[PDB]
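Q: Can you keep this structure in mind? I'll have questions shortly.
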Amino acid sequence: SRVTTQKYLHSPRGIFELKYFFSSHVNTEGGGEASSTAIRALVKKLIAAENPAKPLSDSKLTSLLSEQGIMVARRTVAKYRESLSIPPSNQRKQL
Amino acid sequence: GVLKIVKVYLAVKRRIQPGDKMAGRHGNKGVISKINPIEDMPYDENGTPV
DNA sequence: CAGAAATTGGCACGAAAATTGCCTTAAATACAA
DNA sequence: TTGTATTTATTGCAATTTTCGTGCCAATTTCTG
């Protein structure tokens with residue numbers, strides 16, 4: 001806990017906090033676990049490719065994720081989206 | 001800390017004009033002062049200008 | 001028109017995870033009696 | 001011979017706080033009859 005405080009690591013991808021690698025988890029199909037920092041990337045990817053006329057809601061993201069066996073509740077998806085600073089589904093539609 | 005480098009090359013053709021410096025092989029340099037039209041240059045019996 | 005279905009987020013759970021303040025000496029060693 | 005002042009070795013425990021995912025439900029949007 002003490003060592004990893006405010007020390008940076010330089011990977012070819014970029015510069016990280018060395019505490020960015022410690023993350024939470026949710027259950028998965030098959031008895032495994034999936035990290036929250038990967039579910040955030042998956043949610044960002046899914047939102048960044050939806051139909052602009054009909055944006056995906058939190059239920060339509062929970063159901064979409066629960067076909068690769070990710071087993072995430074809707075409220076957790078909402079928490080991840082609000083952590084990513086993405087407006088709700090009714091505020092992303094456009095003509 | 002460097003991710004990508006992009007280099008762009010531009011090619012331009014420079015013509016001759018007054019102020020450009022010309023010379024020769026015997027140490028006789030000079031600067032162009034005028035671009036004279038053809039019908040003003042001196043010509044010989046056959047009409048070939050200089 | 002309007003009741004109903006759908007969406008969203010504040011607040012609340014237990015459990016897990018992460019922090020933070022301390023036992024503010026015990027045992028090997030060389031020296032002296 | 002032994003008792004002792006001297007010198008290393010010691011980078012962990014155990015409370016206490018904070019954060020986790022997810023359910024309840026009221027307020028706001030959207031939708032179909």
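Residues are named by chain letter and number: chains run A, B, ... in the order of the structure tokens, numbers start at 1 in each chain, and ligands are numbered from 1 in the order shown.
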Please provide as an MDAnalysis selection string all residues within 12 Å of residue 76 in chain A, with the sequence filter that same-chain residues fewer than 2 positions apart are discarded (counting only C-alpha atoms (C1' of nucleotides)).
A: (chainID A and resid 24:26 36 39:40 43 58:59 61:62 65 70:74 78:83) or (chainID C and resid 9) or (chainID D and resid 20:23)
Q: Could you write out that same residue set with N, CA, C and O atoms (P, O5', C5', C4', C3', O3' and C1' of nucleotides) as a CSV table (one decimal), in the first residue's frame?
A:
chain,number,residue,atom,x,y,z
A,24,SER,N,-11.4,-3.3,-9.1
A,24,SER,CA,-12.5,-4.1,-8.5
A,24,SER,C,-12.8,-5.3,-9.5
A,24,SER,O,-12.1,-5.5,-10.5
A,25,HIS,N,-13.9,-6.0,-9.2
A,25,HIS,CA,-14.2,-7.1,-10.1
A,25,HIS,C,-15.7,-7.4,-9.9
A,25,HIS,O,-16.3,-7.0,-8.9
A,26,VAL,N,-16.3,-8.0,-11.0
A,26,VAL,CA,-17.6,-8.5,-11.0
A,26,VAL,C,-17.6,-9.9,-11.5
A,26,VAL,O,-16.6,-10.4,-12.1
A,36,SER,N,-13.4,-4.1,-13.3
A,36,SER,CA,-14.2,-3.0,-13.6
A,36,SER,C,-13.5,-2.1,-14.7
A,36,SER,O,-14.2,-1.4,-15.4
A,39,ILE,N,-14.6,-3.4,-18.0
A,39,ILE,CA,-16.0,-3.2,-18.2
A,39,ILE,C,-16.2,-1.7,-18.6
A,39,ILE,O,-17.1,-1.4,-19.5
A,40,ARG,N,-15.5,-0.8,-18.0
A,40,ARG,CA,-15.6,0.6,-18.4
A,40,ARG,C,-15.1,0.8,-19.9
A,40,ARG,O,-15.8,1.5,-20.6
A,43,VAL,N,-18.0,-0.6,-22.1
A,43,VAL,CA,-19.1,0.3,-22.1
A,43,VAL,C,-18.8,1.5,-23.0
A,43,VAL,O,-19.7,1.9,-23.7
A,58,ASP,N,-29.3,2.1,-20.1
A,58,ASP,CA,-28.5,1.3,-19.2
A,58,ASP,C,-29.0,-0.2,-19.3
A,58,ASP,O,-28.1,-1.1,-19.2
A,59,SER,N,-30.3,-0.4,-19.5
A,59,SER,CA,-30.7,-1.8,-19.6
A,59,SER,C,-30.2,-2.4,-20.9
A,59,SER,O,-29.9,-3.6,-20.9
A,61,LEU,N,-27.5,-1.8,-22.3
A,61,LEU,CA,-26.1,-2.1,-22.2
A,61,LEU,C,-25.9,-3.3,-21.2
A,61,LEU,O,-25.0,-4.1,-21.5
A,62,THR,N,-26.7,-3.4,-20.2
A,62,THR,CA,-26.6,-4.5,-19.3
A,62,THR,C,-26.9,-5.8,-20.0
A,62,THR,O,-26.2,-6.8,-19.9
A,65,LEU,N,-24.0,-6.6,-22.5
A,65,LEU,CA,-22.9,-7.2,-21.8
A,65,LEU,C,-23.1,-8.6,-21.3
A,65,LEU,O,-22.3,-9.4,-21.4
A,70,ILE,N,-20.9,-11.4,-18.5
A,70,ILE,CA,-20.2,-10.3,-17.8
A,70,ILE,C,-20.9,-10.1,-16.5
A,70,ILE,O,-20.3,-9.7,-15.5
A,71,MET,N,-22.2,-10.4,-16.4
A,71,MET,CA,-23.1,-10.4,-15.2
A,71,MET,C,-22.9,-9.1,-14.4
A,71,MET,O,-22.4,-9.1,-13.3
A,72,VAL,N,-23.4,-8.0,-15.0
A,72,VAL,CA,-23.3,-6.7,-14.3
A,72,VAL,C,-24.7,-6.2,-14.1
A,72,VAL,O,-25.6,-6.3,-15.0
A,73,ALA,N,-25.0,-5.7,-12.9
A,73,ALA,CA,-26.3,-5.1,-12.6
A,73,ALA,C,-26.4,-3.7,-13.4
A,73,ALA,O,-25.4,-3.1,-13.7
A,74,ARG,N,-27.6,-3.3,-13.6
A,74,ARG,CA,-27.9,-2.0,-14.3
A,74,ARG,C,-27.3,-0.8,-13.5
A,74,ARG,O,-26.7,0.1,-14.1
A,78,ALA,N,-24.7,2.1,-14.7
A,78,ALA,CA,-25.0,3.5,-14.6
A,78,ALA,C,-23.8,4.2,-13.8
A,78,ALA,O,-23.4,5.3,-14.2
A,79,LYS,N,-23.3,3.6,-12.8
A,79,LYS,CA,-22.2,4.1,-12.1
A,79,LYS,C,-20.9,4.2,-12.9
A,79,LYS,O,-20.2,5.2,-12.9
A,80,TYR,N,-20.7,3.2,-13.8
A,80,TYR,CA,-19.5,3.3,-14.7
A,80,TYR,C,-19.7,4.4,-15.7
A,80,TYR,O,-18.7,5.1,-16.0
A,81,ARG,N,-20.9,4.5,-16.2
A,81,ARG,CA,-21.1,5.6,-17.2
A,81,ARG,C,-21.0,6.9,-16.6
A,81,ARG,O,-20.3,7.8,-17.2
A,82,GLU,N,-21.5,7.2,-15.4
A,82,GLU,CA,-21.3,8.5,-14.8
A,82,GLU,C,-19.9,8.7,-14.3
A,82,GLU,O,-19.5,9.8,-14.2
A,83,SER,N,-19.1,7.6,-14.1
A,83,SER,CA,-17.7,7.8,-13.9
A,83,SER,C,-17.0,8.2,-15.1
A,83,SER,O,-16.0,8.9,-15.1
C,9,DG,P,-28.3,9.6,-14.5
C,9,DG,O5',-28.3,9.8,-12.9
C,9,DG,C5',-29.0,10.8,-12.3
C,9,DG,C4',-29.4,10.5,-10.9
C,9,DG,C3',-28.3,10.2,-9.9
C,9,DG,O3',-28.5,10.9,-8.7
C,9,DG,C1',-29.9,8.5,-9.8
D,20,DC,P,-14.7,2.7,-5.3
D,20,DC,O5',-15.4,1.3,-5.2
D,20,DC,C5',-14.7,0.1,-5.3
D,20,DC,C4',-15.5,-1.1,-4.9
D,20,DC,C3',-16.8,-1.2,-5.7
D,20,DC,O3',-16.6,-1.8,-7.0
D,20,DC,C1',-17.1,-1.7,-3.4
D,21,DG,P,-17.5,-1.5,-8.2
D,21,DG,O5',-18.7,-2.5,-8.1
D,21,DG,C5',-18.5,-3.9,-8.0
D,21,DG,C4',-19.7,-4.6,-7.4
D,21,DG,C3',-21.0,-4.5,-8.2
D,21,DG,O3',-21.7,-5.8,-8.1
D,21,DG,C1',-21.4,-3.6,-6.1
D,22,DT,P,-22.8,-6.1,-9.2
D,22,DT,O5',-24.2,-5.8,-8.4
D,22,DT,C5',-24.5,-6.5,-7.2
D,22,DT,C4',-25.6,-5.8,-6.5
D,22,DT,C3',-26.9,-5.5,-7.4
D,22,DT,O3',-28.0,-6.1,-6.7
D,22,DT,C1',-26.3,-3.7,-6.0
D,23,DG,P,-29.4,-6.2,-7.5
D,23,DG,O5',-30.5,-5.7,-6.5
D,23,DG,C5',-30.6,-6.4,-5.2
D,23,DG,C4',-31.3,-5.5,-4.2
D,23,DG,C3',-32.7,-5.0,-4.6
D,23,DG,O3',-33.6,-5.1,-3.5
D,23,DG,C1',-31.4,-3.1,-4.2
Q: Select, from D:18, D:5, D:11, D:26, the residue with the minimum atom-to-atom distance to chain A, counting only C-alpha atoms (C1' of nucleotides).
A: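 Smallest distance to chain A is found for D:11.
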Q: CA of residue 95 in chain A and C1' of residue 27 in chain D are how many Å apart?
A: 26.8 Å
Q: Taking only C-alpha atoms (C1' of nucleotides) into account, find every residue of chain C that has an atom no more than 8 Å from chain A, and write it out as a ChimeraX atom specification.
A: /C:7-8,18-19
Q: Those selected residues, please, written with C-alpha atoms (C1' of nucleotides) and delivered as a PDB file, in the first residue's frame.
A:
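Here's the written file part.pdb:
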ATOM      1  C1'  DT C   7     -35.182   5.334 -17.643  1.00  0.00           C
ATOM      2  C1'  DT C   8     -32.304   7.608 -14.099  1.00  0.00           C
ATOM      3  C1'  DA C  18      -7.336   0.084   1.940  1.00  0.00           C
ATOM      4  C1'  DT C  19      -5.282   2.940   5.035  1.00  0.00           C
TER       5       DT C  19
END
Q: In Å, rounded to a single decimal, give me how far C1' of residue 13 in chain D is from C1' of residue 20 in chain C.
A: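 Calculated distance between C1' of residue 20 in chain C and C1' of residue 13 in chain D is 11.5 Å.
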Q: Name the residues in contact with residue 36 in chain B at a cut-off of 12 Å, using only C-alpha atoms (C1' of nucleotides), excluding same-chain residues fewer than 4 positions from it; report them as a ChimeraX atom specification.
A: /B:17-18,32,40-42,49-50
Q: Tell me, in Å to one decimal, how far CA of residue 31 in chain B is from CA of residue 10 in chain B.
A: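 Between CA of residue 31 in chain B and CA of residue 10 in chain B the gap works out to 27.7 Å.
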Q: Please find the residues of chain A near chain B - the criterion being any atom within 9 Å, counting only C-alpha atoms - and write them as a PyMOL selection string.
A: chain A and resi 10+12-15
Q: When you count only C-alpha atoms (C1' of nucleotides), which of these residues is closest to chain D: A:51, A:85, A:91, A:5?
A: A:91
Q: Using DSSP on the backbone, list every residue of chain B that comes out as strand (DSSP E or B), and give them as a list in words.
A: residues 21, 22, 30, 31, 43 and 49 of chain B
Q: Mind checking which residues fall within 9 Å of range 6-10 of chain D, counting only C-alpha atoms (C1' of nucleotides), ignoring those fewer than 4 positions away in the same chain, and posting them as a PyMOL selection string?
A: chain C and resi 28-30
Q: Go ahead and write the residues just picked, N, CA and C atoms (P, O5', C5', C4', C3', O3' and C1' of nucleotides), as an mmCIF file, in the first residue's frame.
A:
data_model
loop_
_atom_site.group_PDB
_atom_site.id
_atom_site.type_symbol
_atom_site.label_atom_id
_atom_site.label_comp_id
_atom_site.auth_asym_id
_atom_site.auth_seq_id
_atom_site.Cartn_x
_atom_site.Cartn_y
_atom_site.Cartn_z
ATOM 1 P P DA C 28 20.954 -15.414 19.999
ATOM 2 O "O5'" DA C 28 22.314 -14.807 19.415
ATOM 3 C "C5'" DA C 28 22.410 -14.489 18.032
ATOM 4 C "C4'" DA C 28 23.553 -13.525 17.762
ATOM 5 C "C3'" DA C 28 24.923 -13.978 18.257
ATOM 6 O "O3'" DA C 28 25.919 -13.565 17.331
ATOM 7 C "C1'" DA C 28 24.347 -11.939 19.304
ATOM 8 P P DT C 29 27.453 -13.988 17.544
ATOM 9 O "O5'" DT C 29 28.070 -12.767 18.370
ATOM 10 C "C5'" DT C 29 27.890 -11.431 17.908
ATOM 11 C "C4'" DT C 29 28.911 -10.501 18.539
ATOM 12 C "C3'" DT C 29 30.143 -11.191 19.113
ATOM 13 O "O3'" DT C 29 31.267 -10.338 18.986
ATOM 14 C "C1'" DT C 29 29.014 -10.080 20.845
ATOM 15 P P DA C 30 32.746 -10.953 18.876
ATOM 16 O "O5'" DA C 30 33.632 -9.952 19.754
ATOM 17 C "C5'" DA C 30 33.556 -8.552 19.518
ATOM 18 C "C4'" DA C 30 33.728 -7.771 20.809
ATOM 19 C "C3'" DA C 30 34.983 -8.108 21.611
ATOM 20 O "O3'" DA C 30 35.520 -6.923 22.173
ATOM 21 C "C1'" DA C 30 33.070 -8.483 22.945
#
